[PDB]
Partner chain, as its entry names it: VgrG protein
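Take a look at this one chain, the form deposited without its partner chain, written out in structure tokens.
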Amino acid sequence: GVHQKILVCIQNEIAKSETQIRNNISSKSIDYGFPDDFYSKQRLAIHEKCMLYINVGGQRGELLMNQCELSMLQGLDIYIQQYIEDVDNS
């Protein structure tokens, strides 16, 4: 019960990152050269990694799966902002 409320908190932050990533990439300058299916392929890869935690099991395994999926999204968002910064000063 308390556990489900926790998962909702994380799942909400995941949706914020997803939004931010999609907005960062759809920022239209082809000088950045983002592939069409970039977000989806990268998203899917992140997802498949967090699904491994189906093998830990219990509430602890669901919690790990969700914490990880968020950390990875955050790094992707950060990775994406940095590449744009690197392109601008080029």
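Residue numbers count along the first chain shown, from 1.
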property	result
57 to 65 set against 42 to 50, stretch whose average Cα temperature factor tops the other in the entry	57 to 65
Mean C-alpha B-factor comparison - 2 to 10 and 79 to 87, higher one	79 to 87
Ranked C-alpha temperature factor of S71 among modelled chain residues, by third	lowest
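What comes next is about the form solved in complex with its partner chain, which is not displayed.
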{"query": "4.5 Å heavy atom contact, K28 to its partner chain in the deposited bound form", "finding": "no"}
{"query": "Close approach of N12 to its partner chain in the deposited bound form, 4.5 Å, heavy atom", "finding": "yes"}
{"query": "Its partner chain contact in the deposited bound form: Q20, any heavy atom under 4.5 Å", "finding": "no"}
{"query": "Partner proximity in the deposited bound form: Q67 to its partner chain, non-hydrogen atom cutoff 4.5 Å", "finding": "yes"}
